[PDB]
Amino acid sequence: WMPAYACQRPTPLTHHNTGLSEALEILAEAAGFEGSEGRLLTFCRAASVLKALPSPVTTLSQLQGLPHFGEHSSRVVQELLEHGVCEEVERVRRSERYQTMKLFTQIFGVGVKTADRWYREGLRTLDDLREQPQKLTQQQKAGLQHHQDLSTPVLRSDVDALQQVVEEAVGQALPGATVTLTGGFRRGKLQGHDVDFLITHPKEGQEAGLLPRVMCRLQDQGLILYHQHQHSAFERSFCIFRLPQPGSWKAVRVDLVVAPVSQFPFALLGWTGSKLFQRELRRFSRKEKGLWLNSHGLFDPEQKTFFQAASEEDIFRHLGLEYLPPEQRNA
DNA sequence: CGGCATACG
DNA sequence: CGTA
DNA sequence: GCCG
Ligand SMILES: [Cl-]
Ligand SMILES: [Mg+2]
Ligand code: NA
Ligand code: NA
């Protein structure tokens, strides 16, 4: 009754097993901090299965037969059901390693490998890093300067104001080009920690060279606090944008992506997420259908041909999957 | 046991 | 290495 | 950590 891949089942944004899923996602995150990608995936998948259930798990009996629940994930759920807390999860939560790796990897420009190296060098706090700035990249310096603002979520209200300023720059850069909101806000989130926009043009080829033109226009409007070509071909830009606030402003992470209209359904699918949904969809494609999926296309390696898609609905049909709207992709 | 998504900056 |  |  519960399929094994997250892309085979609807997963809504809010659900009936929030506490259980949050505990499993702590263990997934801790596995990632140790480089244990397989265990991270299992705990993420187990959490996602709970998100897809139609009602709360109340007894360990109800996990029998669910995919991705074995002895370890079942023991976590059993302790939460019996005692309201899981000793392993709480030990992770309070550990110095978990807390510091979480703080460091939240910095824009810092991943697990960098965070782990700093941890081993004895660093523990953001002010430790600020006192050692020669050990920081341009990107990391921006991430650290803006960390407080970037730690506070954006509202959907804020997103609509940002989309209008992006649309203005895009319209000057290339009349007729369009801007589509992707990411978590397209999945229905009311708030979130960055904003993602996908840009295209209805005439294939007209989007070539577009993103530099858009970024220079936003930069001239004074709206870009950081981007990687500020000193200046590219198709993805990971920026920090000035967002107006009552009497002031705040820094917000914004990603801009350009795709040709022939690739737009694939890019829309990929950039809408969730991350686990897309990993599961690509795994399903390759392992169950023998087709290779990415954010540009869907390749048949036996015929050496790419599928044409005019919509996300086309892509789900190609893969033999029931269509899921973005709000049911919250694996 | 092997496998675990797949790109771009 | 970072980013999504 | 779990699946096939
Ligand atoms: Cl692992
Ligand atoms: Mg996002
Ligand atoms: Na980071
Ligand atoms: Na093994």
Side-chain angles (χ1 to χ4, degrees), chain A residues 2-7 24-25 27-28 30-32 34-49 63 65-70 72-77 88 104-112 114-118 136-137 139-140 142-143 150 182-184 186 192-198 211-212 215 226-227 229 233-240 253-259 263 266-289 291-299 331:
Chain A
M2 169 80 59
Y5 288 87
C7 53
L24 292 166
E25 287 177 341
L27 300 181
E34 301 319 303
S36 316
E37 266 294 319
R39 293 167 162 73
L40 174 151
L41 272 174
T42 283
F43 287 127
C44 287
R45 291 164 179 169
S48 90
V49 162
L63 299 179
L66 293 180
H68 309 298
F69 278 83
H72 197 143
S73 294
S74 293
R75 183 209 88 221
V76 172
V77 167
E88 190 189 359
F104 285 173
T105 57
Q106 281 166 1
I107 303 169
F108 181 63
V110 181
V112 169
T114 298
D116 173 70
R117 179 164 58 71
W118 290 345
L136 306 171
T137 67
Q139 188 183 43
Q140 286 163 0
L150 294 185
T182 67
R186 182 168 183 251
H193 279 91
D194 91 327
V195 187
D196 305 301
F197 294 114
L198 175 62
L211 195 50
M215 295 308 303
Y226 172 86
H227 74 118
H229 315 256
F234 52 105
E235 68 211 42
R236 306 173 175 189
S237 282
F238 312 116
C239 316
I240 300 171
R253 275 275 297 107
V254 178
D255 298 327
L256 302 181
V257 183
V258 173
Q263 298 177 5
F266 299 99
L268 186 61
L269 182 59
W271 283 87
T272 293
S274 74
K275 173 181 179 164
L276 181 61
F277 189 94
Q278 294 306 310
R279 293 172 76 159
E280 293 276 288
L281 186 69
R282 293 170 184 196
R283 188 174 63 100
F284 179 86
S285 184
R286 179 180 279 268
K287 301 300 191 196
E288 303 301 326
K289 304 297 168 177
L291 305 177
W292 301 348
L293 181 65
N294 65 22
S295 76
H296 306 321
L298 180 63
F299 184 69

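Below, each value reflects all heavy atoms present in this structure, side chains not excepted, and no hydrogens, waters or symmetry copies. Residue numbering restarts at 1 for every chain, and letters A, B, ... go by the order of the sequence lines.
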Inset, instruction - Check each residue of residues 282-289 of chain A for a non-hydrogen atom within less than 4.0 Å of any atom in DNA chain B, then write out the ones that pass by number, or none. - result: A/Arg282, A/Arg283, A/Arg286, A/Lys287
Inset, instruction - Please list all pairs passing the salt bridge (charged side-chain N to carboxylate O under 4.0 Å, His left out) test where one or both residues lie in residues 38-47 of chain A, with sequence neighbours left out. - result: A/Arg45-A/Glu280
Legend entry - N/O (side chain, A/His227) to phosphate O (OP1/OP2, B/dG9) under 4.0 Å: no
Inset, instruction - Nearest whole angstrom, please: distance from the P of C/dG2 to the CZ of A/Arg253. - result: 15 Å
Inset, instruction - Using atom CG of A/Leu136 as one end and atom P of C/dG2 as the other, report the distance to the nearest whole Å. - result: 13 Å
Inset, instruction - Using only side-chain N and O atoms of A/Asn294, determine if any of them is under 4.0 Å from OP1 or OP2 of B/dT6. - result: no
Inset, instruction - Under the ring-ring contact (aromatic ring centres under 6.0 Å, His included) rule, collect the residues that match up with A/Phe104, sequence neighbours excluded. - result: A/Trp118
Legend entry - N or O in side chain of A/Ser73 less than 4.0 angstrom from D/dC2 OP1/OP2: yes
Inset, instruction - Please identify each residue that fulfils side-chain contact (heavy atoms from CB on, under 4.5 Å) with A/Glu235, with sequence neighbours left out. - result: A/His296
Inset, instruction - Identify, with sequence neighbours excluded, every residue that meets salt bridge (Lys or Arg N to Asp or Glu O under 4.0 Å) alongside A/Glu288. - result: none
Inset, instruction - Under the side-chain contact (heavy atoms from CB on, under 4.5 Å) rule, collect the residues that match up with A/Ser48, sequence neighbours excluded. - result: A/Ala6, A/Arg9, A/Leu276, A/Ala331
Inset, instruction - Would you classify A/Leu40 as touching base, sugar-phosphate or nothing, given that sugar-phosphate means primed atoms plus P, OP1 and OP2, and contacts are heavy atoms under 4.0 Å? - result: nothing
Inset, instruction - Indicate whether OP1 or OP2 belonging to B/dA5 is found under 4.0 Å from a side-chain N or O atom of A/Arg279. - result: yes
